[PDB]
Structures are given as structure tokens and as C-alpha cells.
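Peer 1: Structure in C-alpha cells, see below.
Methodologically, a virtual Cβ is constructed for each residue, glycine included, from the backbone with ideal geometry; neighbour enumeration extends over all protein chains shown. Read-outs: derived from the displayed coordinates by stated rules, not from any lab.
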Amino acid sequence: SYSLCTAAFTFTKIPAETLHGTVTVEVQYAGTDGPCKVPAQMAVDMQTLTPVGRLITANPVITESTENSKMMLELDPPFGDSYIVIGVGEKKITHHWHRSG
Amino acid sequence: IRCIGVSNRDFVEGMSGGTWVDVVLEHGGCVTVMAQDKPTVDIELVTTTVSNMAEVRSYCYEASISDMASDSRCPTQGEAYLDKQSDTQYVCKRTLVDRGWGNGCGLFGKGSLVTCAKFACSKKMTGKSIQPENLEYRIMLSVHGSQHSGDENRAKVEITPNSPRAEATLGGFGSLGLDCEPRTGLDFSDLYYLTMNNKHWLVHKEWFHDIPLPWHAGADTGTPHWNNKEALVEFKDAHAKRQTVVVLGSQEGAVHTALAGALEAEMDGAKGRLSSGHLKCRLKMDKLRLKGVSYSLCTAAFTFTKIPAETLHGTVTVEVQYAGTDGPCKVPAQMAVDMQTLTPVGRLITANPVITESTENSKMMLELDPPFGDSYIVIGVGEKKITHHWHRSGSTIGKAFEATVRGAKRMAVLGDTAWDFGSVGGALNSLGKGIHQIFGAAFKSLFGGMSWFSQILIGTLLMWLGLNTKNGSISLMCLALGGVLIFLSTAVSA
Amino acid sequence: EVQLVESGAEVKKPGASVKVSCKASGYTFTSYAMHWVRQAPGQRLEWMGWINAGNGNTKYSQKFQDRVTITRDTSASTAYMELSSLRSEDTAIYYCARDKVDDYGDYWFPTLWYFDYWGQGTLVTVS
Amino acid sequence: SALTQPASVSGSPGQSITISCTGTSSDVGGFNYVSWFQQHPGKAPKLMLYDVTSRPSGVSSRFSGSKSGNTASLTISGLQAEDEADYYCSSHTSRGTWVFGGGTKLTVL
Amino acid sequence: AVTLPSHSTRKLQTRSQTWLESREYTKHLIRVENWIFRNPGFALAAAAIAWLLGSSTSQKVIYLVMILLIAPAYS
């Protein structure tokens, strides 16, 4: 449950692309609350919107307490090129991933 | 403003369908955007910064060689040695040589000699590599405004694949939600950033590995162990004896002439700053207010200063200064056909024109898009309203043919990205990117790699096969391919 | 908790050989590790280490590629760095720290963290 | 080698400091390996980094790491004053050995 | 000595002129035309060995222009 957990997000590292169809992301979550939960989406449309593709990691979650706890998340973008979305309804950093094939 | 008269500019206008659009904005052009409502905005690529690079190889384009040793064994005992071999820095080749009698060597039978020389190179070609992430697109966008030629109007947006969404403030105008894509544009990670003497340009991961010169192996400093080294020397033995070795001097010009297919990149520094560039941005209006619609319109004389002019795309700027009234007032822009009835005819570019007021400064400069015939451009209000004759002089089917040719060049450069260039809501567009996506990909797959004469030639070979024999099928598709190649050389002719 | 301590304050004549002990306490000397980082006061930390306590392997800074040799023994769970032919220069403090070996027992690429703990320190001075 | 790190610095409490460590492509640039080691004079050094941006759990969330090109920046804000521990930057080189920067004497005024 | 890389292997297509794109179209044509200006006898014989193999008055034409194109650069 953990509500959805809301606050800023800043990509720690420029995310990655594995050779086995994956994108790995680390996030600070800019320091709000405890053991909350933050979503993420693969959005072909707009900044966010509809979710396509699949999260290889499930129930992505923040660990605990002060400032930044990094949530690394194995994500498979759709066969096109999307925009990783970090989950704040409004304030969120994003990307563009161009998975091949 | 910011756009007018680049000769590459392109107009894009959405038909409601919400605020969607999305135009591939491309360095060297300025894409202008107009809507039913909304102001009209001009966006052009500006500069594409590649922030962080890492070194792969170096090579060398100018050799120099040091001392030359010899070490010649006679016919019996064969191979020679020359202790100065077995280094990184000495190159060697064995050349069985003439030497029977007269001079040592109590038999005929040749006898190897090892002659070597020390290879220390003068300059480095230092290829650098980039990966799509951390590159930076900086797009600047300006709205039409009173400004004539001297800023709530032009905004500065920098779009990093670490921040592909961008939203730019325009006080009293709107956000102009920019969803760009900083990845798919140029096929980076293929391109390497190549440095000859104090110049820079991009070339492919195929061309840069295949140059036959000494390797530096991406090494750092010290006394770099040079791979190869043989391709740049010249071991020749005069007649049968006395092997000699020559330097085969600077090839700087040779790579330059061999490099014809690259684009050159402007600068180096902490950051490579290059040019050209290709972005597909999803342009999102959402928040744009016109800010003028509430104003009064002002009755005063208007006096042209710069006489109006015809831009290459046909739009006509006109600059109007006027005294005599105050308030930030609208000005009537409608162009007309008869001086009698106004009956506005022809689309206006500037949407709502306004004035900054202040004193008798004026200066708007709105710009217009006259009809294909004769037209009076009338900026004015009551009886005394100042006019200008125009005569656009382009035909309509001329304009359609124009936009088609232009369409064919955008389609030739951007490949599969032509489709979705001014996308909107129709699906048949997605079918386009799909259909031209597979023909494009498989097209570049079997061909690719085809020079100018290669594609012109094979173009006509396919068109002579175009009308040579048999069925109306294969002959038809061969004629089609030939059409695409010939057409692709013809395009980009200038 | 995790405890490392070693031989206390010690002095050697120029040309002698120091033997420092690192007694690992409070954790599992399993996916072991240890290092040796020399420090005296007022200069740069040099790392002349070794990296493998499972197999007894070692890697040394060329700096001291052949001077120090290292013995590792689980019965005492102890790693012994021994610096031979020390000089006036070497007067310093030798900390032993760990960076956990990978699962396989072979240590090639470290943990992303290195030193989560440090030895107590041993000041060694040369006459 | 010998990571370039500047000798020493200071400022008002709460004020941002940034100590930037400059390496080469051999180590700091082509790796995520970095460490900043708070060393209390007289005592044993400790960890205050771990893979750049992140921190060991017992770290004052004060601290922040960053990297650009060849750089290592430990940027501290909201200073509690009693946090001058000679800061040494250290990283894993490509050759498989570790190097510790010149160290930064931290000056608390 | 082997590098002719970058025009044939692969090109950058953009709304920019490419390196020496001003020079190329014609640094692919003149050398061949030049080389045929010298020693046209090779055009004589090449015309022969084309003209006697295939005999469609078309397929040989292809053999004429092809054999004339392969060895100005003789490769």
C-alpha cells in the first residue's frame, strides 16, 4: 500500500540500457516520508499518460527515512521509444529510451 | 521574427484536434506554428551540444623515423636479430638479400637482414566517442510581436535526454509545452567526434575503425605503443641489396580527401558543440493566451517605413510605425481585394497584432500571407487608412507543387521521420511511419553504403531494367527502386 | 559490531622489517577482504594494499610491488602485512580496511563501496 | 596518479562547501568509483560516500556527491560546524589499484 | 595507402552540405573521364571483350559501360 508516496524525484545516474532488453533507473525521491511507495510508467504519449511495456521489477518502493533512498527498477520499454516517467502526478523528471527492433 | 527569410522555414497549422501537432524541428530551418486561436511561434534548432566525450584510438597522420640499424647475417645461420627490435618503438621487416662473396659470407645463398628504424609520430588524429545520453539540444523560440528589429517574446529552451520535456515561460503568452526527443535524432553512438589539427567533424563507427594508420589504442600519454605502424612505412630493397626504409610523410590531406562524407562540427572544448542536428519534438500548446484580444483598436495614421517585401516562402512582412494615438492598441491588418469593401481575404500570420504603445514609437511589423492574385494590403482604420499593392504572383497549383517538392526533401533527409513531421490525430500517419519504416529500414539495409555515382548509376541500371522485359510486376518494383535512388540523388542536389 | 584492531605503537631501525597484524572481529571473515593503507601525518594517503583473503591472493601497488609480502590466516582470522627494508620515509600509520569479496570468492571488481570500516591504526616510525 | 585535491577551505555554518577532486579518464572519469573519506585527525578514517551520490546509512544526509567528466564534488550544506575531518577523495583506477587524493584540510573558521 | 573511406562506406544526410560535397560529384567523374582520355586503346579492347559476350545489343552495352567503369580505378 504505502499510499503512492509523493515528492520530487531527481535521477541520480543517467539511466542505463541492458543488452537483454532493460532500462535501469535510480532515484533520490528528494526526502519526504519513511517507507512509502512511488510509481513509474513507460508512456508512449505526452509526458506520461497511458502505460505501455512492462515493469520487470514489481511494487517499486522507497525504503525509509531521510532524504534520498534510491529505487533501482528494471524496466522494459516498448519496442519503440518512450519516456520513462518517475511517478509524481505533476513534478517529475523523465527520459527517452528508443529500445531497438 | 527569428524565422522570416531563412528559405528553409516551414509552416505548420493544426486543425483543432486538441493541441497536439508535433513538428520535426531541424537545424537550418525555423518551424513556425499557427493555430485557430493562439499567437504564432517560431522554433529553430540553434546549437546541439555534446557534453561529455571519451577517447577511442588516436592514430597518426604524419610519421617521422629515427635511426636505422642493420644486423645482416650471412647465408648460413639465417635469421638476423638487431637488439633494437623487441621494442614498441622499432619497426622491422626481413628481406632476404643479395650478398654472395666479395663481402663476408663464405657462401652464396642470400642472407637475411633485419634493418629496422624507430617510429616517433608528429601529430594525433584523436578520435573521440559520444553516446546519445548527455547530449544537449538548445532550441530558441520567438513569437511574432511589435518588435520590428530592436523579452516576454523569445524564450530559450535547452532539452537534454535527461529532461526531454520542456516548458518555456512567455509572460502574457503561454507555456508552449515542448516534449522533445533528444535521442532518436541523428543516429548517435555511431558517430565519433574526430579531431585533425584544430578542426572537428563527425564520422561513422565503420569509417573510423577502418582507416589504415597507426593505432594509439586509446592510450594515455607516456610513449604510446603504436599498433600497426607498418602501413605507414616503406620497406624497399634497392635492386637485390641494401634494404632502405622511408617515412611516407604526412597523410593529413589524404584523410581529408577520403573524408568527403562527414559533416564538420564547429567547436571543441570541455564540450563538443556541433551543428546540423535532427529533433522530433511533440509541441504542445495547452497554455497560450493572445494577450491582445482585450485591447481597444486605435484610430490613427499609419506610415510604412520599410516598404513591404516578399519572403521566399511567400509570406510578406510589413512594418508600420504610427504616431497620434496612445494605449497599447490593436491595429487592423486585413488585406483586401477591392479598396471598396474590405472583405478580409488571405490568411494572416501574426494572428492578433498589437502595439507596445509608449510614445510615438510604434514598430509592430506584422506579416501576411496574401492570396495568389493581386491584393491590396491595407493597414488602417477609417477613411485615411494606408494601403499597399502586392501581387503575390505565385500560382496556387504552383504552391501545392512547391510544398510537395519541399515535402520530398524533408522525406528524403529525415527518412522514416518524414511521416509524423506535422503528425496530429489521423492514424493513416502511423501506417505511414510503419510502411515507410519497413521499406526504409530494408532499403538502407541492402543498399546503404552507396556513393553518389553508385546510386545514380545503379539508379539507371534499375530503370533500364525498369522497361526492359517481362511482367508488369518485378519490372515495376525495379523501376520503383530506381526511381527512389535517382530521386534521392536529385534531391540534395544543392 | 565490526571490529578490526592491530598492533599498537611501534618503532623500527632503518632497514628493519615491520610486521603488522590485522585481527578481524565482529563479522564473518568469509567473503573476506582486507587492505593496507599507509598514512603518516601531513601528506597524501598512499594505498599499498593486497586484495584477496579467501584464496590468499594479493595485488600490490607497484609503489611497493616487491617490498611487502602478506600472510593471511583464518585460524586467527588475521592478515599480516610485513614491510621489508623500510626507510626513513616510511614512518607512517598502517590501517587495515576491508572491501567485501564477491560471492564466488574471487575478488576482481570490488563492491561499489570500498572501505566501510578501518583498522585501529598502528603508528610505525623509522630512526 | 595522486588524485588532484586542493589543500584546504572554510565558511559560515549552513553554507555550501564543494570539494572537487579531479582525476583522469583512467579512473574517475571512466568509472563510477569514488569515495570521500572523512578522517578525524587522531582517529581512524571513515566512509562518507559510496558509489558517489549514495550514502552509507550512518551518514549525515548533509553530504552530497556529484561527478562531471573528471571530477568528484562533495558538496555539504546545512553545516553542523563540527564536521571538518580531512576529506580525502579516493577511487578505483582502471589498472586495479586504488588512489587517494591529496586530501582537503577542511577549515571551519 | 588503402584509405578511400567516408563517401561510399556511409554518409551523413542533413540539411547542411556535407564535407566537400561541392567537390565529389565531380571527383568521381573527372578521374574516370581523365583516365579514359589517356590510353583509349583500353576503351577499344574493352569494347571488344564486351561486344562478343552475351550478344543482346543491350547486355553487352551494360558490359561496355561496366568494364569501362571498373578499371579507370582498375578495382
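Peer 1: Amide H of residue B:166: which non-local residues (sequence gap of 5 or more, or other chain) have their own amide H closer than 5 Å, using H built in the peptide plane?
Peer 2: Amide H neighbours of residue B:166, under 5 Å, 5+ apart: B:178, B:179, B:180.
Peer 1: Let me check I have the definition right: for the protein assembly as shown, take the eigenvalues of the Cα gyration tensor, multiply each by 5, take square roots. What are those semi-axes in whole Å, largest first?
Peer 2: Each semi-axis is the square root of five times an eigenvalue, giving 60, 48, 25 Å.
Peer 1: How far is it, in nm, from the label point at residue B:138 to the one at residue E:69 when both lie 7 Å from their Cα along the line to the Cβ?
Peer 2: 4.5 nm
Peer 1: Quick check on my link table: of A:92/B:287; B:399/E:27; B:205/E:60; A:37/D:105; B:156/B:291; A:13/B:123, which ones sit more than 31 Å apart, alpha carbon to alpha carbon?
Peer 2: The pairs that break the limit, which is 31 Å between Cα atoms, are B:399/E:27; B:205/E:60; A:37/D:105; A:13/B:123.
Peer 1: Using the scaling law 2.2 N^0.38 Å as the reference, what is the normalised Cα Rg of segment B:395-494?
Peer 2: Normalised Cα radius of gyration, segment B:395-494: 1.20.
Peer 1: Enumerate by residue number the chymotrypsin sites (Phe, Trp or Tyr not before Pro) in segment D:51-109 meeting two conditions: DSSP loop (anything except H, G, I, E, B), and at most 16 other Cβ atoms within 10 Å of the site's Cβ.
Peer 2: Answer by residue number: there is no such site.
Peer 1: I want the local charge near residue D:26. Using Cβ-Cβ distances under 10 Å, sum +1 for each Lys or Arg and -1 for each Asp or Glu among the other residues.
Peer 2: With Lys, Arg at +1 and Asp, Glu at -1, the net is -1.
Peer 1: At what distance in angstrom do the alpha carbon centres of segment B:40-70 and segment C:73-127 lie from each other?
Peer 2: What the calculation gives is 43 Å, centre to centre.
Peer 1: Quick check: the distance between the Cα centres of segment B:131-209 and segment B:356-417, to the nearest angstrom?
Peer 2: When both Cα centres are located, 28 Å separates them.
Peer 1: Just to confirm a number: summing +1 for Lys and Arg and -1 for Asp and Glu over residues other than residue E:7 whose beta-carbon lies under 10 angstrom from that of residue E:7, what do you get?
Peer 2: Surrounding charge for residue E:7 is +1.
Peer 1: Give the separation of the Cα centroids, segment B:303-320 to segment D:18-96, in Å.
Peer 2: Value for the Cα centre distance between the two parts: 61 Å.
Peer 1: Assuming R0 = 51 Å, can you tell me the calculated FRET efficiency for the pair residue E:29 and residue B:388, based on Cβ-Cβ distance, to the nearest 0.05?
Peer 2: It comes to 0.55.
Peer 1: Per residue and in Å³, how big is the convex hull formed by the alpha-carbon atoms of chain B?
Peer 2: Measuring per residue, one finds 221 Å³ for the Cα hull of chain B.
Peer 1: Which GluC sites (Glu not before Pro) does segment A:44-100 hold that lie in a coil by DSSP with at most 11 other beta carbons within 10 Å?
Peer 2: A:64, A:90
Peer 1: Given a Förster distance of 45 angstrom, what is the FRET efficiency for residue A:90 paired with residue B:199, based on the Cβ-Cβ distance and rounded to 0.05?
Peer 2: So the FRET efficiency works out to roughly 0.45.
Peer 1: Looking at the calculated P(r) for segment B:14-66, what percent of the C-alpha pair distances fall above 17 Å?
Peer 2: So the pairs more than 17 Å apart make up 63 percent of the total in segment B:14-66.
Peer 1: Continuing with the same structure: So what does the Cα-only Debye profile of chain E read at q = 0.17, 0.21, 0.24 Å⁻¹, as log10 I(q)/I(0), no solvent term?
Peer 2: -0.79, -0.95, -1.07
Peer 1: Right, next: Using only helices, what value at 222 nm comes out for chain B when you add -39,500 (n - 2.57) per DSSP H run of length 4 or more and divide by the total residues, to the nearest 500 deg cm²/dmol?
Peer 2: -5000 deg cm²/dmol
Peer 1: What stretch of chain C, leaving out the sites themselves, is the longest with no GluC sites (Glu not before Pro) in a DSSP loop having at most 11 other Cβ atoms within 10 Å?
Peer 2: After excluding every exposed loop site, the longest remaining stretch is C:2-88.
Peer 1: Within segment B:1-152, what percent of beta bridges assigned by DSSP are antiparallel, to the nearest 5?
Peer 2: Approximately 75 percent, going by the DSSP bridge assignments.
Peer 1: Still on this model: Provide the three semi-axes, in whole Å and in decreasing order, of the ellipsoid equivalent to segment B:291-394 as defined by the square roots of 5 times the Cα gyration tensor eigenvalues.
Peer 2: Calculated on Cα positions only, the semi-axes equal 22, 14, 13 Å.
Peer 1: Would you mind getting me the FRET efficiency between residue D:94 and residue B:107? Use the beta-carbon distance for r and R0 = 35 Å, nearest 0.05.
Peer 2: Efficiency, from the Cβ-Cβ distance: 0.05.
Peer 1: Something else: Within a Cβ distance under 15 Å of residue C:43, other residues only, what is the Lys/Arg minus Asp/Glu net charge?
Peer 2: Summing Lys and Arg as +1 and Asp and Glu as -1 gives +1.
Peer 1: Right, another one. 7 Å from Cα along Cα→Cβ at both residue E:44 and residue C:1: what's the point-to-point distance in nm?
Peer 2: In this crude spin-label approximation the distance works out to 9.7 nm.
Peer 1: What is the pair-distance distribution P(r) of chain A, computed from all Cα-Cα distances in 10 Å bins starting at 0, with each bin given as a whole percent?
Peer 2: Per 10 Å bin, starting at 0, the Cα pair percentages come out as 16, 52, 28, 4, 0.
Peer 1: Does a label point 7 Å from the Cα of residue A:57, set along Cα-to-beta-carbon, have any residues of segment A:16-33 with amide nitrogen under 14 Å, and which are they?
Peer 2: A:16-18, A:22-29
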